[PDB]
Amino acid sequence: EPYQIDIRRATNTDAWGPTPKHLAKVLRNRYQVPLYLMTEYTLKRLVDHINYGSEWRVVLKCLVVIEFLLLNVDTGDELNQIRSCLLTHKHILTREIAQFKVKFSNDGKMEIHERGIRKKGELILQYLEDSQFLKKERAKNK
């Protein structure tokens, strides 16, 4: 499906991204695709990825996509779907991401990337456990 294509593009193995253009395209799928399914697909791609030194990028980018959606979808239905999906699969964050090891990266900076992944995982858990924090960060974001 197009939303899956968009998410795949935004979470590719290139050494930069996802770009604002990538993210805006993902977001636009909400017009016809439930946010639950968009989130679920992103989580599926994440778990699947848990050139060897580039694979971790998919992991970090999936988390960035989840963060972006949390910050950018509308209150009500869209936000609630993302949150339900994440809560249902919460172990992905509390165990798989919290314990994720970047064994090898092409840039030799494995530790920075591993910290980045785990911090993004922590941040998502904070948003989920503290809706007032998410609200504040959604406001800062505009």
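The first residue of the sequence shown is number 1, and the count goes up from there.
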| item | value |
| --- | --- |
| Unmodelled stretch of the deposited sequence separating residue 43 from residue 44, binned as none, 1 to 3, 4 to 9 or 10 or more | none |
| Of 62 to 70 and 111 to 119, the one with larger mean CA B-factor | 111 to 119 |
| Average Cα temperature factor in the PDB entry - higher stretch of 97 to 105, 33 to 41 | 97 to 105 |
| Third of the chain, ranked by Cα B-factor, where residue 51 sits | highest |
| Cα B factor band for residue 124 (lowest, middle or highest third within the chain) | lowest |
| Assigned third (lowest, middle, highest) for the C-alpha B factor of residue 13 | highest |
| Chain third (lowest, middle, highest) by recorded CA B-factor, residue given as residue 57 | middle |
| Lowest, middle or highest third - CA B-factor, residue 91 | highest |
